[PDB]
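Going by UniProt numbering, the letters in the sequence shown line up with residues 6 to 191, 195 to 476, in that order.
Below: one structure, written as structure tokens.
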Amino acid sequence: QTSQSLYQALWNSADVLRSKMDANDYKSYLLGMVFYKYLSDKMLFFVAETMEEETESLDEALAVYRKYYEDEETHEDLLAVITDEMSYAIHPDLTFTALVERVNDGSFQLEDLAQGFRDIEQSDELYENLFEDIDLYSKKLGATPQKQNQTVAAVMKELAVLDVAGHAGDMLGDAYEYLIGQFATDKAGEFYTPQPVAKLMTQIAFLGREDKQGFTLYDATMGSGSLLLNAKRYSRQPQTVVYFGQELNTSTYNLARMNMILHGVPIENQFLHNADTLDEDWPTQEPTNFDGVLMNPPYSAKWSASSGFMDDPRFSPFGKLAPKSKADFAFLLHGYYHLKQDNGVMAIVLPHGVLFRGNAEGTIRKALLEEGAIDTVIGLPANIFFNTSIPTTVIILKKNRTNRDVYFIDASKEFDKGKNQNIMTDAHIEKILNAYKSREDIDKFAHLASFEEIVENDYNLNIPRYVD
């Protein structure tokens with residue numbers, strides 16, 4: 006009925022997996038299998054719809070598909086329409102619906118699902134290697150094949166009942182997002201960005217351009233793509249938003265590809281790259297500058313800081329390179345390098361360090377401030393991220409500003425108590441957004457600092473120096 010209950014049902018459907026392994030282990034099975042069900046259900050409803058024999062009975066849709074699939078007079082045209090529509094076609098017997106029928110017939114063969122995955126992967130480079138993180142024969146599913154088959158089968162049966170295409174509408178997207186978030190709560197690197205925070209960053213990036221078609225959005229440390237996909241709700245032209253994202257972890261990269269497809273992002277509006285954002289700059293081919301940049305880089309990451317980077321356009325303009333031990337600023341300069349000087353807006357959430365640390369970082373901060381790169385500094389409540397309890401900061405950057413002032417907002421107190429965490433509500437986000445739009449001093453909440461004030465603080469941007 007709702008994304009919440011759809012999320013709950015999808016999560017529960019993996020119960021037979023919770024018994025034999027932890028979340029990090031069954032994560033790929035659940036997320037990948039839900040993804041495949043979506044591709045399969047969507048195709049079937051599409052076939053039935055196109056052949057003017059609309060039925061929300063997937064079993065009936067499969068019957069319709071088989072019928073036209075078997076007729077020489079319709080075979081090739083059917084596949085053409087499917088392929089034109091979604092760039093993939095799945096053999097009738099390999100559809101999730103058909104395999105579940107096998108399960109209930111007592112003839113399900115694990116190899117058929119694998120073949121199904123391959124059907125998709127080989128359909129277009131868009132889907133290649135997508136299911137690689139799934140091992141249907143791992144001992145964790147069971148010691149014997151009958152045990153491995155039985156386990157995967159139990160997941161499919163629970164999954165089979167749930168409606169994900171045809172009516173979930175954009176609910177499936179949110180439900181899938183909830184699943185990813187839930188898996189996030191379970195390391196210390198690239199952390200999941202809490203929805204409230206994602207909303208604030210995205211609303212700021214799109215402010216005044218909600219109707220712009222072809223708005224380009226870039227995240228150089230996208231993770232599961234969850235942050236980027238917030239554009240789907242805050243832009244009024246969601247189907248024309250062009251996404252550019254980069255992720256180093258291949259497994260996470262694949263999850264992001266899935267996330268994009270499940271949020272209905274058109275194939276032509278997806279530009280995802282699997283690589284290290286700091287080593288080789290991407291993209292290099294125009295366009296390289298974007299309307300929006302949203303980033304939540306890896307927490308406490310280190311980087312090369314090779315002397316060679318002082319010849320890199322991304323860092324050379326800023327005096328010194330970010331320290332080997334603190335890649336924070338390197339990620340920020342990389343994002344900034346890719347921000348359009350014409351109205352481009354960038355939001356990046358990082359720990360407070362970059363605001364006050366000295367030496368190299370101080371030098372970079374200073375250079376940034378001299379050209380008015382730092383537009384707004386927002387202090388977030390402590391304990392809102394799942395993998396660290398530290399308070400963080402959302403920094404808003406813009407190029408070519410006339411005013412080199414910095415607007416500080418201390419929102420560390422904007423939160424409600426939650427279950428082992430602090431929660432930010434829409435009202436809290438709205439309060440911050442309202443301050444941001446005004447750039448006005450607000451009692452114990454916000455303060456617009458002039459460049460001279462910044463200078464008298466010796467370029468230190470520690471929030472408490474500006475907001476009471």
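Here a beta-carbon is modelled for each residue, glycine too, at the ideal position from N, C-alpha and C.
Asked, Found
"Please report the straight-line C-alpha distance between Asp451 and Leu286, rounded to a whole angstrom.", "40 Å"
"For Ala454 versus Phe423, is the C-beta distance shorter than 8 Å?", "no"
"Compute the Euclidean distance between the alpha carbons of residue 194 and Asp191, then round it to the nearest angstrom.", "Coordinates for residue 194 are simply not present: the residues of the chain run from 191 and resume at 195."
"Return the chain-ordered list of same chain residues with a C-beta closer than 7 Å to the C-beta of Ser33, the five sequence neighbours on each side being excluded.", "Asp138 and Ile139"
"Report yes if the C-beta distance between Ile125 and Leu44 is below 8 Å; otherwise report no.", "yes"
"Looking at C-beta atoms only, is the number of pairs between the segment 207 to 226 and the segment 176 to 191 that lie closer than 8 Å three or more?", "no"
"Mapping DSSP to helix, strand and coil, what is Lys425?", "strand"
"Going along the chain, which residues of its own chain have a beta-carbon closer than 6 Å to the beta-carbon of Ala309, five neighbours each way excluded?", "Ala335"
"Can you grab the Cα-Cα spacing for the pair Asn297 / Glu379, in whole Å?", "18 Å"
"Got a sec? Which residues, its chain only, sit under 7 Å from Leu236 by beta carbon, not counting five neighbours each side?", "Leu225, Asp227, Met230, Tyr251, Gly253 and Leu302"
"Any C-beta of chain D sitting closer than 8 Å to the C-beta of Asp320?", "Structure shown: chain D not included; a single protein chain is present."
"What three-state label does DSSP hand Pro359 in the structure shown?", "strand"
"Check the C-beta distance from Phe223 over to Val205 and give it rounded, since I have them as a contact under 8 Å.", "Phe223 to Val205, Cβ: 20 Å. No contact."
"Alpha carbon to alpha carbon, how far is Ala355 from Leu388? Give it in angstroms, no decimals.", "13 Å"
"Give the secondary structure of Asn430 by DSSP, where H, G and I count as helix, E and B as strand, and everything else as coil.", "strand"
"Between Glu378 and the ligand ATP, is the CB less than 7 Å from at least one heavy atom?", "The model depicted lacks the ligand ATP and carries no ligand whatsoever."
"What does a CB cutoff of less than 8 Å around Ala196 pick up in its chain, not counting 5 residues either side in sequence?", "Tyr307, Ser308, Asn395 and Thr396"
"DSSP on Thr258, reduced to helix/strand/coil?", "helix"
"Taking the alpha carbon of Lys162 as the point to measure from, which residue in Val108, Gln114 and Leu131 has its own alpha carbon closest?", "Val108"
"For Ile450, which residues does DSSP report across the bridge?", "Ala454"
"Taking the alpha helix (DSSP H) that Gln278 belongs to, which residues open and close that run?", "Run containing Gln278: none in the alpha helix (DSSP H); it sits in the beta strand (DSSP E), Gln278 to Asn282."
"Under 8 Å, with one C-beta from each stretch per pair, do the segment 309 to 318 and the segment 259 to 276 reach the 3-pair mark?", "no"
"As a quick exercise: from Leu15, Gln245, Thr384 and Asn391, pick the residue whose alpha carbon is nearest that of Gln187.", "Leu15"
"Going by other Cβ atoms of all chains shown within 10 Å of its Cβ, with 16 needed for buried, is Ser18 buried or exposed?", "buried"
"For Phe339, does the three-state DSSP call read helix, strand or coil?", "helix"
"Does the beta-carbon distance from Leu263 to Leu11 come in below 8 Å?", "no"
"When you compare only the Cα positions, how much space is there between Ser8 and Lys374?", "45 Å"
"Could you pull the DSSP bridge partners for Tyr415 from this structure?", "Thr384 and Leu456"
"Can you tell me which of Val166, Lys145 and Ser232 puts its alpha carbon nearest to the alpha carbon of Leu184?", "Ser232"
"At the level of alpha carbons, what is the spacing between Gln153 and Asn428?", "36 Å"
"Among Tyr474, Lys348, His342 and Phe40, which residue has its Cα nearest to the Cα of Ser324?", "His342"
"Please confirm whether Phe113 and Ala158 have their CB atoms less than 8 Å apart.", "yes"
"Compare the beta carbon distance of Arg244 and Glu218 with 8 Å and say whether it is the shorter of the two.", "yes"
"Use the C-beta contact count for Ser259: other C-beta atoms within 10 angstroms, 16 or more gives buried, fewer gives exposed.", "exposed"
"Taking the beta strand (DSSP E) that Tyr242 belongs to, which residues open and close that run?", "From DSSP, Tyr242 is part of no beta strand (DSSP E) but of the alpha helix (DSSP H) over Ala239 to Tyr242."
"Return the first residue and the last residue of the alpha helix (DSSP H) that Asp168 is part of.", "Note, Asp168: premise wrong, no alpha helix (DSSP H); not H, not E."
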